[PDB]
Structure formats: structure tokens, C-alpha cells
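Printed here is run00.csv (CSV, C-alpha atoms and all ligand atoms):
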```
chain,number,residue,atom,x,y,z
A,22,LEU,CA,22.0,-5.5,3.9
A,23,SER,CA,24.7,-3.4,5.7
A,24,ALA,CA,26.8,-2.9,8.9
A,25,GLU,CA,25.8,0.2,11.0
A,26,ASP,CA,22.8,0.8,8.7
A,27,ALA,CA,21.1,-2.5,9.8
A,28,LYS,CA,21.4,-1.6,13.5
A,29,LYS,CA,20.2,1.9,12.7
A,30,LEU,CA,16.9,0.5,11.3
A,31,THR,CA,16.7,-2.1,14.1
A,32,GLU,CA,16.9,0.7,16.7
A,33,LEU,CA,14.2,2.7,14.9
A,34,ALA,CA,11.8,-0.3,15.1
A,35,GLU,CA,12.5,-0.7,18.8
A,36,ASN,CA,11.8,3.0,19.4
A,37,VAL,CA,8.6,3.1,17.4
A,38,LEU,CA,7.3,-0.2,18.9
A,39,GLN,CA,7.2,1.4,22.4
A,40,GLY,CA,3.9,3.0,21.1
A,41,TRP,CA,2.4,-0.5,20.9
A,42,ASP,CA,2.2,-3.2,23.5
A,43,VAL,CA,4.3,-5.8,21.6
A,44,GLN,CA,6.9,-8.0,23.3
A,45,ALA,CA,9.7,-7.5,20.7
A,46,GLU,CA,12.2,-10.4,20.9
A,47,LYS,CA,13.9,-10.4,17.5
A,48,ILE,CA,13.6,-7.9,14.7
A,49,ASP,CA,14.5,-8.5,11.1
A,50,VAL,CA,14.6,-5.9,8.3
A,51,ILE,CA,12.8,-7.2,5.1
A,52,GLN,CA,11.8,-4.6,2.4
A,57,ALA,CA,8.4,1.5,2.1
A,58,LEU,CA,10.4,-0.1,5.0
A,59,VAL,CA,9.1,-3.4,6.5
A,60,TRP,CA,10.2,-5.3,9.6
A,61,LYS,CA,9.2,-8.8,10.8
A,62,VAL,CA,8.9,-8.4,14.6
A,63,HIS,CA,9.1,-11.8,16.4
A,64,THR,CA,7.2,-12.0,19.7
A,65,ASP,CA,6.8,-14.6,22.5
A,66,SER,CA,5.3,-17.2,20.0
A,67,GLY,CA,4.1,-15.7,16.6
A,68,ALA,CA,5.0,-12.5,14.7
A,69,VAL,CA,3.8,-9.0,13.7
A,70,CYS,CA,4.7,-6.7,10.8
A,71,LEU,CA,6.0,-3.2,11.4
A,72,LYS,CA,5.7,-1.0,8.2
A,73,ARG,CA,7.0,2.5,7.7
A,74,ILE,CA,4.7,4.0,5.0
A,75,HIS,CA,6.7,6.0,2.4
A,76,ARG,CA,3.6,7.7,0.7
A,77,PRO,CA,2.2,11.2,1.7
A,78,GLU,CA,-0.2,11.4,4.8
A,79,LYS,CA,-3.4,11.9,2.7
A,80,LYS,CA,-2.8,8.8,0.5
A,81,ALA,CA,-1.4,6.8,3.4
A,82,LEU,CA,-4.6,7.2,5.5
A,83,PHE,CA,-6.9,6.2,2.6
A,84,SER,CA,-5.1,2.8,2.4
A,85,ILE,CA,-4.7,2.3,6.1
A,86,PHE,CA,-8.4,2.8,6.7
A,87,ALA,CA,-9.2,0.7,3.6
A,88,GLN,CA,-7.3,-2.2,5.2
A,89,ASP,CA,-9.0,-1.8,8.6
A,90,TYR,CA,-12.4,-1.8,6.8
A,91,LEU,CA,-11.5,-5.0,4.8
A,92,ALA,CA,-9.9,-6.8,7.8
A,93,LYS,CA,-12.9,-6.0,10.1
A,94,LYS,CA,-15.4,-7.0,7.3
A,95,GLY,CA,-13.8,-10.5,7.1
A,96,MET,CA,-11.7,-10.1,3.9
A,97,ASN,CA,-8.3,-11.9,4.0
A,98,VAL,CA,-6.0,-8.9,4.5
A,99,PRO,CA,-3.7,-8.5,7.6
A,100,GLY,CA,-5.5,-6.9,10.5
A,101,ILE,CA,-4.1,-3.7,12.1
A,102,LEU,CA,-3.1,-3.9,15.8
A,103,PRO,CA,-4.2,-0.7,17.6
A,104,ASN,CA,-1.5,1.2,19.5
A,105,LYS,CA,-1.5,2.2,23.2
A,106,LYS,CA,-3.4,5.4,22.3
A,107,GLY,CA,-6.1,3.4,20.3
A,108,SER,CA,-5.0,4.5,16.9
A,109,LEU,CA,-4.2,2.4,13.8
A,110,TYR,CA,-0.9,4.3,13.2
A,111,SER,CA,1.8,6.6,14.7
A,112,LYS,CA,3.3,9.6,13.1
A,113,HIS,CA,7.1,10.3,13.6
A,114,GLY,CA,8.5,13.0,11.3
A,115,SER,CA,7.2,12.8,7.7
A,116,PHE,CA,6.3,9.0,8.2
A,117,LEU,CA,3.4,6.9,9.3
A,118,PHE,CA,4.1,3.6,11.2
A,119,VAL,CA,1.6,0.8,11.3
A,120,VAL,CA,1.7,-2.7,13.0
A,121,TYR,CA,-0.1,-5.5,11.2
A,122,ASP,CA,-0.6,-9.2,11.9
A,123,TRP,CA,2.1,-11.3,10.2
A,124,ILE,CA,0.3,-13.7,7.9
A,125,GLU,CA,1.9,-17.1,7.3
A,126,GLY,CA,1.6,-18.6,3.9
A,127,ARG,CA,3.4,-19.6,0.6
A,128,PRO,CA,3.7,-17.5,-2.5
A,129,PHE,CA,1.9,-18.5,-5.7
A,130,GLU,CA,3.6,-20.3,-8.7
A,131,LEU,CA,2.1,-18.8,-11.9
A,132,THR,CA,3.2,-21.9,-13.9
A,133,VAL,CA,0.8,-24.1,-11.8
A,134,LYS,CA,-2.9,-23.9,-12.9
A,135,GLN,CA,-4.5,-24.2,-9.4
A,136,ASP,CA,-2.4,-21.2,-8.1
A,137,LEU,CA,-3.3,-19.1,-11.1
A,138,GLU,CA,-7.0,-19.9,-10.3
A,139,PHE,CA,-6.4,-19.0,-6.6
A,140,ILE,CA,-4.7,-15.7,-7.2
A,141,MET,CA,-7.7,-14.6,-9.5
A,142,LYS,CA,-10.4,-15.8,-7.0
A,143,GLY,CA,-8.7,-13.7,-4.3
A,144,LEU,CA,-8.7,-10.7,-6.6
A,145,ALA,CA,-12.4,-11.2,-7.1
A,146,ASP,CA,-12.8,-11.5,-3.3
A,147,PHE,CA,-10.9,-8.2,-2.8
A,148,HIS,CA,-13.0,-6.3,-5.3
A,149,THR,CA,-16.4,-7.5,-4.0
A,150,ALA,CA,-15.4,-7.0,-0.3
A,151,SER,CA,-14.1,-3.5,-0.9
A,152,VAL,CA,-17.5,-2.2,-2.1
A,153,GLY,CA,-18.9,-0.1,0.8
A,154,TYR,CA,-15.5,1.4,1.8
A,155,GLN,CA,-15.4,5.2,2.4
A,156,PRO,CA,-12.5,6.9,4.1
A,157,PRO,CA,-13.2,8.7,7.4
A,158,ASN,CA,-13.9,12.4,7.8
A,159,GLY,CA,-10.9,14.5,6.6
A,160,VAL,CA,-9.2,11.7,4.5
A,161,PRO,CA,-9.8,12.4,0.8
A,162,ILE,CA,-10.7,9.8,-1.7
A,163,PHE,CA,-8.1,8.6,-4.2
A,164,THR,CA,-9.9,7.7,-7.4
A,165,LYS,CA,-9.2,7.2,-11.1
A,166,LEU,CA,-12.8,6.7,-12.2
A,167,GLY,CA,-13.5,8.1,-15.6
A,168,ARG,CA,-9.8,9.2,-16.2
A,169,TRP,CA,-8.6,6.5,-18.7
A,170,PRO,CA,-9.4,8.6,-21.8
A,171,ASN,CA,-7.2,11.4,-20.5
A,172,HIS,CA,-4.5,8.9,-19.3
A,173,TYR,CA,-4.4,7.4,-22.8
A,174,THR,CA,-4.0,10.8,-24.4
A,175,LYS,CA,-1.2,11.9,-21.9
A,176,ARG,CA,0.6,8.7,-22.9
A,177,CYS,CA,0.0,9.1,-26.7
A,178,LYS,CA,1.2,12.8,-26.4
A,179,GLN,CA,4.2,11.6,-24.3
A,180,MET,CA,5.2,9.1,-27.0
A,181,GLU,CA,5.1,12.0,-29.6
A,182,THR,CA,7.2,14.2,-27.2
A,183,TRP,CA,9.9,11.5,-26.9
A,184,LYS,CA,10.5,11.7,-30.7
A,185,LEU,CA,12.2,15.0,-29.9
A,186,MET,CA,15.0,13.3,-27.8
A,187,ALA,CA,14.8,10.3,-30.2
A,188,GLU,CA,15.9,12.4,-33.2
A,189,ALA,CA,18.8,13.7,-31.0
A,190,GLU,CA,20.5,10.3,-30.8
A,191,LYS,CA,21.2,9.9,-34.6
A,192,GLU,CA,23.5,6.9,-34.3
A,193,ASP,CA,21.4,4.6,-32.1
A,194,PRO,CA,19.5,1.5,-33.3
A,195,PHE,CA,16.7,1.8,-30.6
A,196,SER,CA,15.9,5.4,-31.5
A,197,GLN,CA,16.3,4.7,-35.2
A,198,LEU,CA,13.6,1.9,-35.1
A,199,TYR,CA,11.5,4.1,-32.7
A,200,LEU,CA,11.4,7.1,-35.2
A,201,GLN,CA,10.4,4.7,-38.0
A,202,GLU,CA,7.6,2.6,-36.5
A,203,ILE,CA,6.1,4.4,-33.4
A,204,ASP,CA,3.5,6.5,-35.3
A,205,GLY,CA,1.4,3.3,-36.0
A,206,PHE,CA,1.2,2.4,-32.3
A,207,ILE,CA,0.4,6.1,-31.3
A,208,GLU,CA,-2.4,6.2,-34.0
A,209,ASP,CA,-3.8,2.9,-32.6
A,210,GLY,CA,-3.6,4.2,-29.0
A,211,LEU,CA,-5.9,7.2,-29.9
A,212,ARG,CA,-8.2,4.8,-31.9
A,213,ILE,CA,-8.5,2.6,-28.7
A,214,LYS,CA,-9.4,5.8,-26.8
A,215,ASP,CA,-12.2,6.3,-29.3
A,216,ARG,CA,-13.4,2.7,-29.0
A,217,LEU,CA,-13.4,3.1,-25.1
A,218,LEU,CA,-15.6,6.2,-25.4
A,219,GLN,CA,-18.2,4.2,-27.4
A,220,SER,CA,-18.2,1.3,-24.8
A,221,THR,CA,-20.1,1.4,-21.5
A,222,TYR,CA,-16.9,2.8,-19.8
A,223,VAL,CA,-18.4,6.2,-18.9
A,224,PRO,CA,-21.8,4.9,-17.6
A,225,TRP,CA,-20.0,2.2,-15.7
A,226,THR,CA,-17.5,4.6,-14.1
A,227,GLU,CA,-20.3,7.0,-13.2
A,228,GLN,CA,-22.3,4.2,-11.5
A,229,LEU,CA,-19.2,3.1,-9.5
A,230,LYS,CA,-18.5,6.8,-8.3
A,231,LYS,CA,-21.6,6.3,-6.2
A,232,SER,CA,-20.6,2.9,-4.7
A,233,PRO,CA,-17.0,2.1,-5.7
A,234,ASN,CA,-14.8,-0.9,-5.4
A,235,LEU,CA,-11.0,-0.5,-4.8
A,236,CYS,CA,-8.4,-1.6,-7.3
A,237,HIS,CA,-5.2,-2.9,-5.7
A,238,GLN,CA,-3.0,-1.4,-8.5
A,239,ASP,CA,0.0,-3.6,-7.9
A,240,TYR,CA,-1.5,-7.1,-7.6
A,241,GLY,CA,0.8,-10.0,-8.1
A,242,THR,CA,2.8,-12.9,-6.6
A,243,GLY,CA,4.8,-10.5,-4.4
A,244,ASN,CA,1.6,-9.2,-2.6
A,245,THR,CA,-0.4,-12.4,-2.2
A,246,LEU,CA,-0.2,-15.7,-0.3
A,247,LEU,CA,-1.9,-19.0,0.2
A,248,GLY,CA,-2.5,-19.5,4.0
A,249,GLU,CA,-4.1,-22.4,5.9
A,250,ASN,CA,-7.4,-24.0,4.6
A,251,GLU,CA,-6.5,-22.8,1.1
A,252,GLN,CA,-7.3,-19.1,2.0
A,253,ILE,CA,-6.0,-16.5,-0.4
A,254,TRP,CA,-4.5,-13.4,1.4
A,255,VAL,CA,-3.8,-10.0,-0.1
A,256,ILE,CA,-0.9,-8.3,1.7
A,257,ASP,CA,0.2,-4.8,0.6
A,258,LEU,CA,-2.6,-2.3,0.2
A,259,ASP,CA,-0.4,0.9,0.0
A,260,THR,CA,-1.5,1.7,-3.6
A,261,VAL,CA,-5.2,1.1,-3.4
A,262,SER,CA,-7.6,3.5,-5.1
A,263,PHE,CA,-11.0,3.5,-6.6
A,264,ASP,CA,-11.2,2.3,-10.2
A,265,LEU,CA,-13.0,-0.3,-12.4
A,266,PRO,CA,-12.2,-3.8,-11.2
A,267,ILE,CA,-11.0,-4.8,-14.8
A,268,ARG,CA,-7.9,-2.6,-14.3
A,269,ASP,CA,-6.4,-5.2,-11.9
A,270,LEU,CA,-7.2,-8.0,-14.5
A,271,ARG,CA,-5.4,-6.1,-17.3
A,272,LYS,CA,-2.5,-5.2,-15.1
A,273,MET,CA,-2.0,-8.8,-14.1
A,274,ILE,CA,-2.9,-10.7,-17.3
A,275,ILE,CA,-1.2,-8.7,-20.0
A,276,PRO,CA,2.3,-8.6,-18.5
A,277,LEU,CA,2.1,-12.3,-17.7
A,278,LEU,CA,1.2,-13.2,-21.4
A,279,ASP,CA,4.0,-10.8,-22.8
A,280,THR,CA,5.7,-12.8,-25.5
A,281,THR,CA,7.1,-12.6,-29.0
A,282,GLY,CA,5.8,-16.1,-29.7
A,283,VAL,CA,2.2,-17.4,-29.3
A,284,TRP,CA,-0.7,-15.8,-27.4
A,285,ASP,CA,-1.4,-18.2,-24.5
A,286,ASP,CA,-5.2,-18.4,-24.8
A,287,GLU,CA,-5.5,-21.3,-22.4
A,288,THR,CA,-3.9,-19.3,-19.6
A,289,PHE,CA,-6.0,-16.3,-20.5
A,290,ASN,CA,-9.2,-18.5,-20.2
A,291,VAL,CA,-8.1,-20.1,-16.9
A,292,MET,CA,-7.6,-16.7,-15.4
A,293,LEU,CA,-10.8,-15.1,-16.5
A,294,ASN,CA,-12.9,-18.1,-15.8
A,295,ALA,CA,-11.5,-18.2,-12.2
A,296,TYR,CA,-12.1,-14.5,-11.7
A,297,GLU,CA,-15.6,-14.7,-13.2
A,298,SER,CA,-16.6,-17.8,-11.0
A,299,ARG,CA,-16.7,-15.3,-8.0
A,300,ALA,CA,-17.2,-11.8,-9.7
A,301,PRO,CA,-18.9,-12.4,-13.0
A,302,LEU,CA,-18.7,-9.7,-15.7
A,303,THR,CA,-21.3,-8.7,-18.3
A,304,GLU,CA,-20.4,-8.8,-22.0
A,305,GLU,CA,-20.3,-5.0,-22.0
A,306,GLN,CA,-17.9,-4.9,-19.0
A,307,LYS,CA,-15.6,-7.4,-20.7
A,308,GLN,CA,-15.7,-5.3,-23.9
A,309,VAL,CA,-14.3,-2.4,-21.8
A,310,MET,CA,-11.6,-4.6,-20.5
A,311,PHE,CA,-10.5,-6.0,-23.9
A,312,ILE,CA,-10.4,-2.4,-25.3
A,313,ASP,CA,-8.2,-1.4,-22.4
A,314,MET,CA,-6.0,-4.5,-22.9
A,315,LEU,CA,-5.3,-3.3,-26.5
A,316,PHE,CA,-3.7,0.0,-25.3
A,317,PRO,CA,0.1,-0.2,-25.5
A,318,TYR,CA,0.8,-0.1,-21.8
A,319,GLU,CA,3.7,-2.6,-22.0
A,320,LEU,CA,5.2,-0.9,-25.0
A,321,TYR,CA,5.1,2.4,-23.0
A,322,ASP,CA,7.0,0.8,-20.1
A,323,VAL,CA,9.8,-0.4,-22.4
A,324,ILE,CA,10.0,3.1,-24.0
A,325,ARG,CA,10.1,4.7,-20.5
A,326,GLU,CA,13.2,2.6,-19.6
A,327,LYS,CA,15.1,4.1,-22.5
A,328,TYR,CA,14.1,7.8,-22.4
A,329,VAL,CA,13.1,8.7,-18.8
A,330,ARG,CA,15.3,6.3,-16.9
A,331,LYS,CA,18.0,6.5,-19.7
A,332,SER,CA,18.8,2.7,-19.6
A,333,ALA,CA,20.7,2.0,-22.9
A,334,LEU,CA,18.4,-0.8,-24.2
A,335,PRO,CA,19.1,-2.5,-27.6
A,336,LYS,CA,17.0,-2.6,-30.7
A,337,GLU,CA,15.8,-6.2,-29.9
A,338,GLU,CA,13.8,-5.1,-26.8
A,339,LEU,CA,11.8,-2.4,-28.8
A,340,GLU,CA,11.0,-4.9,-31.6
A,341,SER,CA,10.1,-7.5,-29.1
A,342,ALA,CA,7.7,-4.9,-27.4
A,343,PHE,CA,6.2,-4.0,-30.8
A,344,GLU,CA,5.7,-7.7,-31.7
A,345,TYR,CA,3.7,-8.4,-28.5
A,346,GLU,CA,1.4,-5.5,-29.3
A,347,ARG,CA,0.8,-7.0,-32.8
A,348,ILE,CA,0.3,-10.5,-31.3
A,349,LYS,CA,-2.1,-9.1,-28.7
A,350,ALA,CA,-4.0,-7.1,-31.3
A,351,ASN,CA,-4.7,-10.2,-33.4
A,352,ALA,CA,-5.8,-12.2,-30.3
A,353,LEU,CA,-8.3,-9.6,-29.1
A,354,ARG,CA,-9.6,-8.3,-32.5
A,355,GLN,CA,-12.9,-10.2,-32.3
A,356,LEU,CA,-13.5,-9.3,-28.6
A,357,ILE,CA,-13.5,-5.5,-28.8
A,401,LIG,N1,2.0,-9.1,6.8
A,401,LIG,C1,2.8,-9.9,6.0
A,401,LIG,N2,2.6,-11.2,6.0
A,401,LIG,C2,3.4,-12.0,5.2
A,401,LIG,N3,4.3,-11.6,4.5
A,401,LIG,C3,4.6,-10.3,4.4
A,401,LIG,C4,3.9,-9.3,5.2
A,401,LIG,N4,4.4,-8.1,4.9
A,401,LIG,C5,5.4,-8.3,4.0
A,401,LIG,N5,5.6,-9.6,3.7
A,401,LIG,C6,6.5,-10.4,2.8
A,401,LIG,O1,7.8,-9.9,2.7
A,401,LIG,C7,8.4,-10.6,1.6
A,401,LIG,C8,9.6,-9.8,1.0
A,401,LIG,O2,10.8,-10.5,1.3
A,401,LIG,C9,7.3,-10.8,0.6
A,401,LIG,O3,7.3,-12.1,0.1
A,401,LIG,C10,6.0,-10.4,1.4
A,401,LIG,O4,5.0,-11.4,1.2
```
As C-alpha cells, how would this structure be written, given the file I've shared?
Ligand SMILES: Nc1ncnc2c1ncn2[C@@H]1O[C@H](CO)[C@@H](O)[C@H]1O
Amino acid sequence: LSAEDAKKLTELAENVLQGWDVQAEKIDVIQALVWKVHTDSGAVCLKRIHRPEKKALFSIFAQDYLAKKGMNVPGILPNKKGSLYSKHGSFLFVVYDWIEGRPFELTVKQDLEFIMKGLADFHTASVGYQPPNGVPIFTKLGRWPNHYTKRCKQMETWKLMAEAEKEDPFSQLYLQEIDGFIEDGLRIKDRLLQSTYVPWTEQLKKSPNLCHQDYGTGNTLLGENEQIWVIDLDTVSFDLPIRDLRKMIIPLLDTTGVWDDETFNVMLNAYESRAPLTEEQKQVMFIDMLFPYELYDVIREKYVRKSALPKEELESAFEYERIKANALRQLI
């Protein structure tokens, strides 16, 4: 939203679109930089991918694979030279079909069920994808134990700068209670190493599914004939499918009050109706859900980003970890 800056971006789109055979009539800047390009009668999406060329290609080819396989992801329009993308400077440009649909309302039960079935569809459909020759794989298979340790060591490291701010309620409460959550973090790592996590990750290294890694109401839509579409595949990588469940369910249920088990059931039941999980697989998920990822995000706002948050937000983050621990104690 600006004066000369808006016409600057519009002119970039017009210049880049010459590479495709698209009748550009009206161009709107939306969001990575995204444009809605209106044509004769129906639109296309022009996206400037921000990410480095190696990671960019992995997701571009992943999307082409999924689109051509029949999964509900926007298809890629080939350019005049027959390629899925054009390189200009340090950026990749891609033209996708603009999908028409409404966003989901997480307070409505049927939408919560739709969004989970689409996640299951995405996971199942992605199995078989391998990037082309020269494009390296992006994978996190078998890395969670190290990722937990890096985070438990990072929470210890932040006590150095926590002790620096002597007259600060957030840092005062942090120095008093954080050790108990760090200890539990490393104990959750130990529980993960006794689960089927390792054999499961090793079996998937051979024929892996993709994890979306940023799945939510911002990247999904309900189109015609109640079809669920997944829109932004820029952060896809190979990982256990349960990562997307955790990453979607735990933040949604974040609360200082009561654990919403009904919503938890509605979401897992909907996911499992299309991609059922064994008891062992679910154990791995529940173990991962106990790790303090949401507490970490709240701590990262205060020490890395330096946002002066008050004591209430730290205690509120600790309380959700306790509430969640009680809710999942019998499932791990
Ligand atoms: N191919 C696409 N189809 C539909 N919506 C899109 C596409 N790319 C980006 N968007 C939308 O842009 C909006 C941001 O204002 C989001 O709601 C997102 O769904």
C-alpha cells in the first residue's frame, strides 16, 4: 500500500509476464510477493519466490507433481520457453492458476473437518514425489531429537541475557521457573527415542511424504463441489505427517483455561478418516505435542526479537504447557 512503490511492482509484473502468454488486463498486488493477474475472463497468480534457488525448485516441482497427479493445488502454467518458472536476478517467478474459494472458519465444525481431510489428502498424494536431477531434497526426517536439544540448549543460553535485565518481571519469572520446562523438554526427547520415531523416519526416507510446514486457514480454501485446496507450497519438505497435525492443533488449542478435547477429537477423527494412524504413530505425535514449542515461540519474541512482553504472557505460556501435559499424560 503506497504511491510510486505500487506502480513499481505493477511494472515488474508487466515486464515478467511477457515471458508467459497471458492477456494481462488488470494487475493487483496482494502479499514472497504475490499478484492477482486478471485476464479476459478468469485470473492467474504471479508469485515472486523469495527463498533460495535450491529450496525454490524443490517446492515448484513438488507443486507440479501434485497438480498433475490430481491433488487440489494450483497448477503451474508453463511459460513461452516451456519452463515452470523464469529467473530474473536473485528471484524466481512462477504463474499459477488462481483458485476461487472461501477461507475456513475454525469455530465451525464442518470447516475444521474439511481442513484436516485436505491435510490428509496432501500427505497421501505427496508420496512418490522426488525432485528432478540437480534439485536437492529438503528433509527433516530423523532430526527432531537434535532440534529438541538445540531448543533446550537455546533456552539455557537465554538465561545469560535474562540475568542481565535485573529489574524486569518477564526475565525474573523466566529465571525462576524455566528449568522445569527445559528438564521436561529433554525428558520428552528421551521418550521420543524410545517410540517408533526412528524406525518410522527411516522407513519414510525411502518413500517420503511432504509436510506443508505452514498449514492453516491462510493457505487453504474450500472451492466448488466442497473441494479442499492447498495454496502455498513454498515451505514444503519431507517429514513425518504428524508434524503438520501438531503444528496446526497445538496453537489452536493454546489456552490458560480448559483443554478443548472435543475440538481435538473432531480434528484427529477427520484426519484419520482419510489417513489413519497406528497407535505407535499416534504415540510419536503425542510425545512431540508435549515438547514446549509454543513456550519457545513466546520466549523468542522477548529475547531474539526484543519485544518487551509483560509477565502475564510468560505465565500464560507456562500454564498452557501444564494444561497440555495433563491432557496428554495418558497418551504418551
Ligand atoms: N492461487 C491462489 N488462489 C487463491 N488465493 C490465493 C492464491 N495465491 C494467494 N492467494 C490468497 O491471497 C490472500 C492474501 O490476501 C490469501 O487469502 C490467499 O488465499
Using only C-alpha atoms, determine which residues lie at most 9 Å from residue 341 in chain A, disregarding the query and same-chain residues fewer than 4 positions distant; provide the list as number ranges by chain.
A: 280-281, 336-337, 345-346
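Rounded to one decimal, CA of residue 36 in chain A and CA of residue 82 in chain A lie 21.9 Å from each other.
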Which residues are near ligand LIG 401 (chain A) in this structure, taking near to mean any atom at most 6 Å from a ligand atom and counting only C-alpha atoms and all ligand atoms? Format them as an MDAnalysis selection string.
chainID A and resid 51:52 70 99 122:125 243:244 256
Write out as a PyMOL selection string which residues come within 10 Å of residue 73 in chain A when counting all atoms listed in the file, dropping same-chain ones fewer than 6 positions away.
chain A and resi 34+37+57-60+110-113+116-120
Among A:290, A:164, A:177, A:214, residue 265 in chain A is approached most closely, using all atoms listed in the file, by A:164
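Atom pair CA of residue 65 in chain A / CA of residue 94 in chain A has a distance of 28.0 Å (rounded to one decimal).
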Rank nothing, just name the residue among A:350, A:203, A:253, A:236 nearest to residue 96 in chain A, using only C-alpha atoms.
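The shortest atom-to-atom distance to residue 96 in chain A comes from A:253.
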